[PDB]
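All of this is worked out from the model, or read from it or from the source named; these are not laboratory values. Here the Cβ positions follow ideal geometry from the backbone for every residue, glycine too, while neighbour counts run over all protein chains shown.
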Amino acid sequence: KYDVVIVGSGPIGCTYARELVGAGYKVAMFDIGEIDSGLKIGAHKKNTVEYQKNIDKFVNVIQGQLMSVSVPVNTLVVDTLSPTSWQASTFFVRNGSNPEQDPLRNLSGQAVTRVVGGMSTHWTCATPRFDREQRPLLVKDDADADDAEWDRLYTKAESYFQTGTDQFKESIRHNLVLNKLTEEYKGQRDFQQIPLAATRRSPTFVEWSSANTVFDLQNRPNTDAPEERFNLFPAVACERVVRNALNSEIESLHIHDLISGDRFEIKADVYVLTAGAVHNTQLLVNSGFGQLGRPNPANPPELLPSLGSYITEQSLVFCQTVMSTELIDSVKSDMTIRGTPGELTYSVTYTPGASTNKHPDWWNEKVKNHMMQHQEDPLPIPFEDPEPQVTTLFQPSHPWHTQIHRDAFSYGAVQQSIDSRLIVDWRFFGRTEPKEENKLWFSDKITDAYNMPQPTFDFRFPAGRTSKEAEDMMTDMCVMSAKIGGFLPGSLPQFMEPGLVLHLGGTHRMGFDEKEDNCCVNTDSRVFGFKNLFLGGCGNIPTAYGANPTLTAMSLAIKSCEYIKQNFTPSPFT
Amino acid sequence: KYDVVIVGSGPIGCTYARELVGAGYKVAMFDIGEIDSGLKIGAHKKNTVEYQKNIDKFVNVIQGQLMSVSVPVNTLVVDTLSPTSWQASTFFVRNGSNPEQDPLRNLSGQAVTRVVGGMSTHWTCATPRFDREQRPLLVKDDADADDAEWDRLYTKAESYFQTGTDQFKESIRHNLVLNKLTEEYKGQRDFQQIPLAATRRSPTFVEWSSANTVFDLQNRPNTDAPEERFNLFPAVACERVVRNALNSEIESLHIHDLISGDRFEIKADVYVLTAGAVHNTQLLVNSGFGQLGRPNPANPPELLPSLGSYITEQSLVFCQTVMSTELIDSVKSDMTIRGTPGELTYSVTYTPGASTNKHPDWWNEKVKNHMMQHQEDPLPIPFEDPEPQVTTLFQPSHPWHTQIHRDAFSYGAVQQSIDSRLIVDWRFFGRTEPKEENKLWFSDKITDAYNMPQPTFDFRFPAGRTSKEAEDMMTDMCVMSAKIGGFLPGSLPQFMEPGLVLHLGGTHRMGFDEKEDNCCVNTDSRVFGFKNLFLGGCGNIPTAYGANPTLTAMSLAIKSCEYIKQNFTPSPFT
Amino acid sequence: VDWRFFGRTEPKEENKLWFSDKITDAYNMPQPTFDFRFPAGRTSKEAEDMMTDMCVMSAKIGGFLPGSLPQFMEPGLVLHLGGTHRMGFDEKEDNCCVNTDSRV
Amino acid sequence: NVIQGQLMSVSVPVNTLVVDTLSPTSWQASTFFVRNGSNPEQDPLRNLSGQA
Ligand SMILES: Cc1cc2nc3c(=O)[nH]c(=O)nc-3n(C[C@H](O)[C@H](O)[C@H](O)COP(=O)(O)OP(=O)(O)OC[C@H]3O[C@@H](n4cnc5c(N)ncnc54)[C@H](O)[C@@H]3O)c2cc1C
Ligand SMILES: Cc1cc2nc3c(=O)[nH]c(=O)nc-3n(C[C@H](O)[C@H](O)[C@H](O)COP(=O)(O)OP(=O)(O)OC[C@H]3O[C@@H](n4cnc5c(N)ncnc54)[C@H](O)[C@@H]3O)c2cc1C
């Protein structure tokens, strides 16, 4: 028996933990995954010296923990088996595939991460705020009051994540790109550093934030927090919440302990689901919310009819570029070079402080030192120069988020023939209109690896604005990228596999009124009709957004916690 | 100040820790890598529920922690850059490559793992003994005494690793393949389970062993061992040992703390190097053993002239097969099937104990239940059937090790189009003759990612016996595998990239006499001429071996610890 | 729909087709060898502006076909090589090999 | 395919691809020598590799 139970130990669950453990609630948290990031529980797996010296290997780590949500039955023809080998007569269900899935209306790139800390163990830590046009309303008919509320929440969320915009300010490549794009779009678009949930520890090491940053996930009471109460239970699959007869309250949480195999009911005053956009929905559907099975509008469900509808996923375009000769020569514009590299009298110099220098002294010193110490190397960029981290945020005249940067994803690893210092990644993210027909639903026959109802998508990018903007977004990427350099062969401009972006929203969406705003939770993230059930995550976000959603989801979870603290009393510490 | 300092926390360092910590020595261990599995320090990363339900994803984890030893300068022609992009005029040194490396005499697949627990955090746990023909001599001119010593050591090593041969006894696939091969080679070759360092926890869950199994790596004293003394220091690069003026003793170990950036000297009575076959050699050359730079036979090194010569790496052939129709039909040979799948008529039965059954009751029961529970599935093999784990060990008439199995490596993932239940992996491993001209050496100008001298290979598989056997081994895999099924398209029979097998030996090889046996350590693993310096690992093995070397290296380490215990004494527990 | 855009290249002395004095081709004739880069300046700037033009123009018709994304083709695959025995009025002043009658 | 079958490359540089998975019994090069009509005069980075 606990005051609060939280399902999931991702950054959103840890937001609820931080808020409620701190306020004196007896808290339990359950995760289906295990502790596997080091002694700092739920920390970023990239915060090892070895990964930061070998960042392209972290692509492999990510791939290793993204498990595909819905894989359609495979129809590739393998007709070169030996005549003796067992050969199929049909395209039957193999290897965890989902026969409910139409391969042409899927989010084939969608995937989940089952580890303590969730996806925050591997994420790229971009935490921008949404502008009004992307953002859900928290106050109606008062834009000033809605703005003040969002500013209060985002400020606190940025504090929990340790969001900053200064960690790359001494990068030559970052400044080279930023300054060039600022000049090219002067009077039209503003560029800045990507806001990043990160703290620089040295010139070569960044401590990337994660769930751990938000809440350290250590059991309490402990020496550091003698009056707090928290227990984390990894390797526990949360299967369903049990509704009372009245459908006014949750009476228990049904769990499966994966190590012992035992199933138990857990009681709490308050139940918080923060299992991700897909798995919150799965859990609720397994509990009798929404409708199980292939949707049937002829029999709409009794509870939360909008659950699993109006789902949104962003369009993503990607390419890489190879820096222009002009930009590379600009790096060493202030230098006077004498002699021939490798010879006695080879000399690279500049005049510190000269009013006719294009670059600050700190930049010129780093370039001079690289060029004098590494005379075998043809480029003026220092070897351990930090990555560029540039953005022009979403605006009405360019309604997509942009990142002009380098980081580790499940795709786009730098390959060896072109120097990594030349390579810049371009990721533009579109906003998707919420449409009723875009659905996540769950099979009533097929189950996943944890014997839970198999998720199935029925998704296409809506026609009209979403599609028009997606294609203009691609063109914008082609036009903007050319100011920096040409495309890298092998990473030409392309739309990425739908859902690979992992920015799914609207699966359990928020609004003021269940029927009028076609939604599942209110602005306190409380499930309509229920006193004591709350959802956290990108699943709550009901709008068309292009920017990265985690910071906004956290802000909503903070607001949710404000309601819980007002409406539930912590039990006595005994 | 310590009694013993160990460099490296892989399974071999952990052998020295288990032995010396357990005997009261004050031990410090340093690792360049970090604690990054879970709370069980240095434990196997595949021991999560999620990876045991999603084993093909563990391939990506392995890829993410194998950092290539020596990558030659890249010479791929990229001639489709935009004319505005910066374009190279030469094949200059990019992306950490090694300009010392001849690409045609490399072990391009050789890689290292820098994490606490080393490669034991990901390995596949096969731990066979070497027979006499593969094994170094520990007792000269007394084969019975030599056999008795090896039996004693291997038995203790098997207990440390928890090696067993029973964990896959109830697998249908294992027994299907084992039985067929046994019958096909009756009176010619014997087959058995691969000996595996692993403990079954449930019908679907195996606790794979690791460094953690050997020694839990917790700091001591602690509640469970109050009189023991042990400290593990992760993220510490050990750089060199300091020789005394007469080259009879080590005076200190120089380290680099990677977090603070500071360097320090650590003093011990005994110095143990267990950093792996490549990195032990690196550290020693950086300490003035052998010679830095490109080998020059005109100027032989003063100390340990055989260091880095006579290196061995195994030839590796690989394919996968798709089970024969005949073997699949035999799975259900004992079944009477009435009616049609999916109908209420459908019935699958067998007679328990019948003399005409080809298979035991346990097998028929699992097949029956699978066929009745999954009537849509066309195969008779149960879905959670454990993997096959079959071998016929190295013998004079087939001088290679064999594995006929399924497990996760950096290559060979099961894709989607063929059912995984049908697929068997074949890995045959050849023995390589030690030859002086096969070398691992270290650059005197190029450094690696940790500013240490860059490793460089000069390697070809020896003509003569090694090459003959390697091609005969390929043929043997083609002939044997055909008894089970034809090749799986996309995993056709091939030699793997040299060194991808990660069984490198002989870099700091053992023998009785430094000069006569061309070696670096004696049979106590003590460096010739030095009282207090010991090496552990596959680098000590001086013979041509085909079986997996780690159990043999562990056995050597145990023998080495016997010497240390006879010659050095713990300090007073303070 | 296929989109092929073709840029113009400034004639530069350093861009050459020459023949080996040792290596021969399949007909035992001196082996052709190129020493070629797209000239910096206008040629390169126009080539990148052309790429961008193709991206902008093509989008009016439809999105890229996966597997045929916008790219520069291998140099010379276009098979529009010129200037190897070039025409002008005056051998010396116009750096040329034939006159306007194509006479050497 | 008809086109491909009558476009003969003008100048192919000496190949430097690393083929390190030959059987140990197979004849294996020690250098990137002139093979299969390649042109050792040719700088691969200043070519018209598509010329035919
Ligand atoms: C390559 C990559 C790059 C990214 N970059 C960005 C970025 O730059 N910015 C940004 O905002 N976002 C980024 N993201 C997305 C981001 O990590 C997610 O939005 C975020 O982690 C969501 O947090 P959450 O706590 O709602 O869910 P998650 O982090 O998904 O955590 C949910 C958890 O609940 C668990 N769980 C699931 N089901 C059950 C169940 N039945 N029972 C018990 N536990 C369960 C999981 O094991 C998991 O730990 C990135 C992610 C990836 C993978
Ligand atoms: C995919 C895969 C499958 C394999 N399967 C098998 C198998 O089935 N059976 C088998 O016998 N073998 C297997 N191996 C090989 C086996 O893992 C190794 O033989 C064994 O781990 C070597 O033990 P070790 O302790 O000598 O070295 P390692 O495990 O390599 O550990 C050495 C350590 O020292 C560290 N270190 C390195 N340099 C320094 C330095 N300068 N300073 C401080 N610390 C340093 C490292 O970070 C590391 O942790 C496999 C390995 C892999 C990768």
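For the reader, a short list of remarks on this structure follows.
- Odd one out for B:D102, checked against (1) over 22 Å from the mean Cα position of the chain (by Cα); (2) surrounded by 22 or more Cβ atoms within 10 Å (Cβ to Cβ): (2)
- Qualifying residues in the stretch A:284-314 (those that are under 21 Å from the mean Cα position of the chain (by Cα) and within 16 Å of ligand 1 (Cβ to nearest atom)) - the one nearest to A:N548 (Cα to Cα): A:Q314
- Verdict on A:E239 being in contact with a strand residue (DSSP E or B) (Cβ under 9 Å, 6 or more places away or on another chain), in contact (Cβ under 8 Å) with a residue 12 or more places away in the chain and either assigned by CATH to the domain that holds A:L551 or not aliphatic (A, V, I, L, M) (or both): yes
- Candidate set: the stretch A:117-163, residues that are among the aliphatic types (A, V, I, L, M) and touching a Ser or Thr at 6+ places or on another chain (Cβ under 7 Å); chosen: the one nearest to ligand 2 (Cβ to nearest atom): A:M119
- Evaluation of B:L107 against (1) touching a residue at least 40 places away in the same chain (Cβ under 8 Å); (2) away from chain A (no Cβ under 14 Å); (3) over 24 Å from the mean Cα position of the chain (by Cα) (one fails), failing number: (3)
- Residue in the stretch A:48-72 that is farthest from the chain's Cα centre (by Cα), counting only those that are of a type in the set (S, T, N, Q) and at the interface with chain B (Cβ under 9 Å from one of its Cβ atoms): A:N54
- Qualifying residue in the stretch A:514-524 (condition: in a loop (DSSP other than H, G, I, E, B), assigned by CATH to the domain that holds A:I250 and surrounded by 21 or more Cβ atoms within 10 Å (Cβ to Cβ)): yes
- Some residue of the stretch A:78-94 being within 14 Å of chain B (Cβ to nearest Cβ), touching a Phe, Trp or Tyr at 6+ places or on another chain (Cβ under 8 Å) and within 16 Å of ligand 1 (Cβ to nearest atom): no
- The sole residue among A:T543, A:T569 that is more than 16 Å from the chain's Cα centre (by Cα), in a loop (DSSP other than H, G, I, E, B), more than 16 Å from ligand 1 (Cβ to nearest atom) and more than 14 Å from every other protein chain (Cβ to nearest Cβ) is A:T569.
- Note on the stretch A:239-265: residues that are more than 30 Å from the chain's Cα centre (by Cα) and either within 16 Å of ligand 2 (Cβ to nearest atom) or within 14 Å of chain B (Cβ to nearest Cβ) (or both) total 3.
- Those residues of the stretch A:220-237 which are away from chain B (no Cβ under 14 Å) and not aromatic (F, W, Y), in sequence order: A:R220, A:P221, A:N222, A:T223, A:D224, A:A225, A:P226, A:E227, A:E228, A:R229, A:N231
- Extreme residue, surrounded by the fewest Cβ atoms within 10 Å (Cβ to Cβ), among residues of the stretch B:453-463 that are out of contact with any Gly (no Cβ under 9 Å at 6 or more places or on another chain), more than 10 Å from every other protein chain (Cβ to nearest Cβ) and not β-branched (V, I, T): B:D458
- Qualifying residue in the stretch A:400-421 (condition: in a helix (DSSP H, G or I) and either in contact with a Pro (Cβ under 9 Å, 6 or more places away or on another chain) or within 14 Å of chain B (Cβ to nearest Cβ) (or both)): yes
- Residue match in the stretch A:36-46 (condition: within 7 Å of chain B (Cβ to nearest Cβ), free of Cβ contacts under 8 Å to residues at least 60 places away in the same chain and crowded, with 21+ Cβ neighbours inside 10 Å): yes
- The listed residue being crowded, with 18+ Cβ neighbours inside 10 Å, among the small types (G, A, S), away from ligand 2 (no atom under 16 Å from the Cβ) and under 30 Å from A:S159 (Cβ atoms), out of A:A235, A:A225, A:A268: A:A268
- Of the residues making up the stretch A:1-35, those that are aliphatic (A, V, I, L, M) and within 14 Å of another protein chain (Cβ to nearest Cβ) are A:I32, A:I35.
- Test result for B:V527, touching a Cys at 6+ places or on another chain (Cβ under 9 Å) and either free of Cβ contacts under 8 Å to residues at least 12 places away in the same chain or not charged (D, E, K, R) (or both): yes
- Taking (1) away from every other protein chain (no Cβ under 14 Å); (2) in contact (Cβ under 8 Å) with a residue 60 or more places away in the chain; (3) farther than 26 Å from A:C125 by Cα in turn, A:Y350 satisfies each apart from (2).
- From the list B:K40, B:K57, the lone residue that is more than 16 Å from ligand 1 (Cβ to nearest atom) and assigned by CATH to the domain that holds B:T550 is B:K40.
- Test set (1) under 21 Å from the mean Cα position of the chain (by Cα); (2) away from ligand 2 (no atom under 16 Å from the Cβ) - A:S82 fails condition number: (1)
- Residue match in the stretch B:466-489 (condition: away from chain A (no Cβ under 14 Å) and outside any helix (DSSP H, G or I)): no
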